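# Fold and geometry: a report
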Amino acid sequence: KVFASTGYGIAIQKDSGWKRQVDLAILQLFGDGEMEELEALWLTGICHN
Amino acid sequence: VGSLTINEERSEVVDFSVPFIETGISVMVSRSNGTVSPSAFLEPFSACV
Amino acid sequence: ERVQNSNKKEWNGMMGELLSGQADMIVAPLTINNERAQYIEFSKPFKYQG
């Protein structure tokens, strides 16, 4: 239970053209399941209740 | 790139990407000792028995 | 999907009504995908789920 639900992100120069490409590419990573392949370094552990 | 949250006071100057890892404001409590119920199990035997 | 047995791919359902000018905002449980975000701008997405 979190109080003010937000996210992380990638900050960028104001209204540059390179936003809309990375905005696709991150979603492509979410489209491929590679975050759960990146789980092996990320938040797994011992005794999560 | 790195650990950097999203809020309103920073979004005026900086543009942001798609949210990336779910997070928020939480609270870590102490590692207290285990407790049983504050009463004996007097729940509803009194209704019928 | 590819409709009318040719080389045209139109968008069925709700998002086609966004593309054809039948509306101007979608406020619904509409997920964020790579295929919809090709040409439809989103916002910070209300919630987090899976």
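In case you missed it, the structure is sitting above this.
Presented here is an overview of the structure given in this document. Here, residue numbers run from 1 along each chain following its sequence as written; these need not agree with the numbering used in the entry, and residues that have no coordinates do not appear. For this description, chains carry letters from A and ligands carry numbers from 1, given in the order in which they are written. Scope of values: limited to the chains shown, which are part of a larger assembly. Heavy atoms from the whole structure form the basis of all side-chain values; hydrogens and water molecules are not counted.

### Concerning the overall build of chain C
Put simply, the rule is: Segments assigned H or I by DSSP are reported as helices when at least four residues long, segments assigned E as strands when at least two residues long, and all are numbered from the N terminus. Radius of gyration: over C-alpha atoms. The globule rule applied is 2.2 Å multiplied by the number of residues raised to the 0.38 power. Burial status follows relative accessibility: with a 1.4 Å probe on protein chains alone, a residue under 20% of its type maximum counts as buried, one over 50% as exposed, and anything between as partly exposed. A contact between two residues is defined here by any heavy atoms of the two lying within 4.5 Å. In these tables, accessible area is a Shrake-Rupley quantity obtained with a 1.4 Å probe, and a residue counts as shielded only by the protein chains included in the view.
On a plain count of helices and strands, chain C comes out with 1 helix and 2 strands. Taken from the N to the C terminus, the helices and strands of chain C come in the order β-β-α. In summary, chain C has a C-alpha radius of gyration of 13 Å against a globular reference of 10 Å for 50 residues, an excess of more than 25%. Reported as C-alpha extents along the three principal axes, the dimensions of chain C are approximately 40 × 25 × 15 Å. Out of the 50 residues in chain C, the part that is buried amounts to 10%. Sequence separation of at least 24 residues holds for 17% of the intrachain contacts in chain C that already meet a minimum separation of 6. Working note: accessible area of chain C is about 4500 Å², and carbon and sulfur atoms make up 49% of it.

### Focus: the interface of chain A and chain B
What counts, and what does not: What gets called buried area is simply the loss in accessible area from a 1.4 Å probe that two parts show on being joined, summed for both. Salt-bridge detection follows one rule: a side-chain nitrogen of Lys or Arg within 4 Å of a carboxyl oxygen of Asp or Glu. A 3.5 Å cut-off defines polar contacts: any pair of N or O atoms within that distance qualifies, except that in protein one atom must be a possible hydrogen donor and the other a possible acceptor, and neighbouring residues in sequence count only when both atoms are side-chain atoms. Amino acids outside the nonpolar list (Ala, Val, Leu, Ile, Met, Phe, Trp, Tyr, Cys, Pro) and the charged list (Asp, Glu, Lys, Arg) are all regarded as polar, and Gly is one of them. Paired strands, in this sense, are two strands between which DSSP finds at least two bridges.
Taken residue by residue, the interface counts 22 residues in chain A and 21 residues in chain B. For the pair chain A and chain B, the two sides together bury roughly 2000 Å², of which 64% comes from carbon and sulfur. Broken down residue by residue, the surface that chain A buries against chain B is led by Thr-6, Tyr-8 and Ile-10 of chain A, which jointly contribute 33%. Put simply, chain A and chain B have 1 salt bridge between them. Note that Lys-19 of chain A is salt-bridged to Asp-15 of chain B, the shortest N-O span being 2.9 Å. Inspection of the chain A/chain B interface yields 7 residue pairs in polar contact. Secondary-structure elements contributing two or more residues to the side of chain A that touches chain B are β1 (6-7), β2 (11-12) and α1 (19-32) of chain A. With 6 residues, α1 of chain A is the largest single contributor of residues to the side of chain A that touches chain B. Along the lines of polarity and charge, the residues of the side of chain A that touches chain B split into 13 nonpolar, 5 polar and 4 charged. When β2 of chain A meets strand β1 (residues 15-16) of chain B, the two strands line up antiparallel, connected through 2 bridges. Following the sheet pairing, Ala-11 of chain A is matched in β1 of chain B by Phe-16 of chain B.

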